[PDB]
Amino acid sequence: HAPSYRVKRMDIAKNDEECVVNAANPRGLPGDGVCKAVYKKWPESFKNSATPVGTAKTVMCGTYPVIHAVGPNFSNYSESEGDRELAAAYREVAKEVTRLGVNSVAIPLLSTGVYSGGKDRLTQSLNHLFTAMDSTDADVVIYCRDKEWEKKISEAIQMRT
(Lines of atoms letter the chains of each structure in order from A and count residues from 1; the text may use other names and numbers.)
(Lines give C-alpha, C1' and ligand atoms only; values in the text may rest on other atoms or scores of the structure.)
Protein backbone atom coordinates (compact mmCIF):
# COMPACT_ATOMS: atom_id res chain seq x y z
CA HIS A 1 0.00 0.00 0.00
CA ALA A 2 1.24 3.55 -0.89
CA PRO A 3 1.22 5.80 2.23
CA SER A 4 -0.66 9.04 1.29
CA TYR A 5 -1.11 12.69 2.38
CA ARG A 6 -4.66 14.12 1.89
CA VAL A 7 -6.41 17.32 3.10
CA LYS A 8 -10.14 17.56 4.05
CA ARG A 9 -11.97 20.87 4.75
CA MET A 10 -14.36 19.64 7.51
CA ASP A 11 -14.64 19.20 11.32
CA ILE A 12 -11.71 16.92 12.45
CA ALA A 13 -14.13 15.40 15.09
CA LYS A 14 -16.06 13.85 12.09
CA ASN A 15 -12.84 12.15 10.74
CA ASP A 16 -13.07 8.56 9.30
CA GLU A 17 -9.40 7.68 10.22
CA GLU A 18 -8.24 5.18 12.93
CA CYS A 19 -7.06 7.93 15.38
CA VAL A 20 -7.23 11.74 15.88
CA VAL A 21 -4.63 14.36 16.93
CA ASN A 22 -6.06 17.04 19.27
CA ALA A 23 -4.42 20.52 19.14
CA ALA A 24 -4.26 20.38 22.97
CA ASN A 25 -3.29 22.71 25.83
CA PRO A 26 -0.69 21.32 28.29
CA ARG A 27 -3.31 21.13 31.13
CA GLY A 28 -5.71 18.70 29.34
CA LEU A 29 -8.58 21.25 29.56
CA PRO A 30 -11.40 21.98 27.06
CA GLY A 31 -10.66 24.92 24.69
CA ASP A 32 -11.86 26.56 21.43
CA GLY A 33 -10.78 25.42 17.91
CA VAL A 34 -9.98 21.67 17.40
CA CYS A 35 -10.04 20.94 21.19
CA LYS A 36 -13.70 22.19 21.38
CA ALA A 37 -14.73 19.57 18.74
CA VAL A 38 -12.55 16.80 20.32
CA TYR A 39 -13.97 17.52 23.85
CA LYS A 40 -17.57 17.57 22.44
CA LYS A 41 -17.14 14.01 20.98
CA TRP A 42 -14.52 12.33 23.28
CA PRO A 43 -14.64 14.17 26.67
CA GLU A 44 -13.38 10.95 28.42
CA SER A 45 -10.17 11.30 26.25
CA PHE A 46 -9.30 14.28 28.58
CA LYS A 47 -8.83 11.88 31.57
CA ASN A 48 -5.11 12.47 32.50
CA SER A 49 -4.34 14.06 29.04
CA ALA A 50 -2.23 16.91 30.61
CA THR A 51 1.33 16.80 29.11
CA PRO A 52 4.14 19.37 28.56
CA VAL A 53 4.41 21.70 25.52
CA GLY A 54 6.24 19.93 22.63
CA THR A 55 4.92 16.46 23.68
CA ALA A 56 1.97 14.20 22.80
CA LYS A 57 -0.05 11.98 25.20
CA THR A 58 -2.46 9.29 23.88
CA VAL A 59 -5.74 8.47 25.74
CA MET A 60 -7.71 5.43 24.43
CA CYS A 61 -11.53 5.87 24.03
CA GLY A 62 -12.39 2.16 23.73
CA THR A 63 -10.30 1.10 20.67
CA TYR A 64 -9.95 4.75 19.39
CA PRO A 65 -6.70 6.64 20.25
CA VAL A 66 -6.95 10.43 20.87
CA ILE A 67 -3.37 11.81 20.55
CA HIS A 68 -3.20 15.08 22.57
CA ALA A 69 -0.37 17.04 20.84
CA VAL A 70 0.64 20.31 22.63
CA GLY A 71 1.94 22.93 20.18
CA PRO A 72 3.57 26.08 21.62
CA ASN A 73 1.53 29.27 22.13
CA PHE A 74 3.54 31.86 20.07
CA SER A 75 2.04 34.55 22.42
CA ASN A 76 4.32 33.04 25.18
CA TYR A 77 7.21 31.40 23.20
CA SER A 78 9.81 33.27 21.10
CA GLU A 79 9.84 32.44 17.34
CA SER A 80 13.09 30.45 17.99
CA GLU A 81 11.91 28.41 21.05
CA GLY A 82 8.37 28.00 19.58
CA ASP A 83 9.84 26.58 16.33
CA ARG A 84 11.65 23.84 18.40
CA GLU A 85 8.52 23.03 20.49
CA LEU A 86 6.36 22.82 17.29
CA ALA A 87 8.93 20.43 15.68
CA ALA A 88 8.96 18.36 18.94
CA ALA A 89 5.11 18.12 19.21
CA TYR A 90 4.84 16.72 15.63
CA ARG A 91 7.83 14.32 16.25
CA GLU A 92 5.97 12.91 19.33
CA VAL A 93 2.79 12.56 17.14
CA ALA A 94 4.89 10.53 14.61
CA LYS A 95 6.20 8.29 17.47
CA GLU A 96 2.65 7.76 18.93
CA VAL A 97 1.18 6.96 15.45
CA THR A 98 4.07 4.42 14.91
CA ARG A 99 3.66 2.91 18.45
CA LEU A 100 -0.17 2.56 18.03
CA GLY A 101 0.33 0.67 14.69
CA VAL A 102 -2.65 2.63 13.18
CA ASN A 103 -3.15 2.63 9.35
CA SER A 104 -4.42 6.28 9.31
CA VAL A 105 -4.40 9.49 11.45
CA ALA A 106 -6.53 12.72 11.32
CA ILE A 107 -4.23 15.72 12.11
CA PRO A 108 -4.78 19.50 12.40
CA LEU A 109 -2.13 22.24 11.82
CA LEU A 110 -0.79 22.76 15.41
CA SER A 111 -0.19 26.38 16.57
CA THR A 112 -2.05 27.93 13.52
CA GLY A 113 -5.21 28.98 15.47
CA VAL A 114 -5.48 29.96 19.19
CA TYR A 115 -1.64 29.45 19.57
CA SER A 116 -0.63 31.36 16.34
CA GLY A 117 0.09 34.67 18.20
CA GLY A 118 -1.88 36.37 15.36
CA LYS A 119 0.57 35.20 12.59
CA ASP A 120 -0.22 33.10 9.45
CA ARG A 121 1.69 29.84 10.30
CA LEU A 122 0.18 27.48 7.62
CA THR A 123 3.57 26.92 5.86
CA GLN A 124 5.54 26.69 9.18
CA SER A 125 3.12 24.16 10.81
CA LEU A 126 2.68 22.10 7.57
CA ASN A 127 6.51 21.91 7.04
CA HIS A 128 6.96 20.57 10.65
CA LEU A 129 4.04 18.12 10.05
CA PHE A 130 5.78 16.82 6.86
CA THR A 131 9.26 16.69 8.54
CA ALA A 132 7.83 14.44 11.34
CA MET A 133 5.25 12.30 9.43
CA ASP A 134 7.33 11.67 6.21
CA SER A 135 9.02 8.67 7.97
CA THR A 136 5.67 7.13 9.00
CA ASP A 137 3.70 4.83 6.63
CA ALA A 138 0.23 5.75 8.10
CA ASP A 139 -2.20 7.50 5.70
CA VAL A 140 -2.19 11.14 6.98
CA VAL A 141 -5.39 13.24 6.53
CA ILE A 142 -4.90 16.96 7.39
CA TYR A 143 -8.14 18.70 8.52
CA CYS A 144 -8.67 22.49 8.03
CA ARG A 145 -11.72 24.85 7.98
CA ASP A 146 -10.68 27.67 5.53
CA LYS A 147 -11.12 27.31 1.70
CA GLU A 148 -7.88 29.28 0.94
CA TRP A 149 -5.96 27.05 3.45
CA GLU A 150 -7.37 23.80 1.90
CA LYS A 151 -6.07 24.82 -1.60
CA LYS A 152 -2.68 25.94 -0.10
CA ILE A 153 -2.30 22.60 1.85
CA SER A 154 -3.46 20.58 -1.25
CA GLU A 155 -0.95 22.47 -3.52
CA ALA A 156 1.85 21.89 -0.90
CA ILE A 157 1.07 18.07 -0.91
CA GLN A 158 0.88 17.76 -4.77
CA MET A 159 4.07 19.91 -5.26
CA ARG A 160 6.35 17.35 -3.44
CA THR A 161 5.64 14.46 -5.89
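Quick note: we count residues from 1 along the sequence shown, nothing fancier.
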Item checked: Given 109 to 117 and 30 to 38, the range whose Cα B-factors average higher in the PDB entry -> 30 to 38
Notebook entry, point to check: Hey, which bit's got the bigger mean C-alpha B factor in the entry, 43 to 51 or 65 to 73?
Noted result: 43 to 51
Next item on the list: Consider only the C-alpha atoms of the modelled residues in this chain, order them by B-factor as the entry records it, and name the third containing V21: lowest, middle or highest.
Entry: lowest
Note to self: Using only modelled residues of the chain, where does the Cα B factor of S125 rank: lowest third, middle third or highest third?
What the structure shows: lowest
Check: Which third of the chain holds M60 when residues are ordered by C-alpha B factor: lowest, middle or highest?
Finding: highest
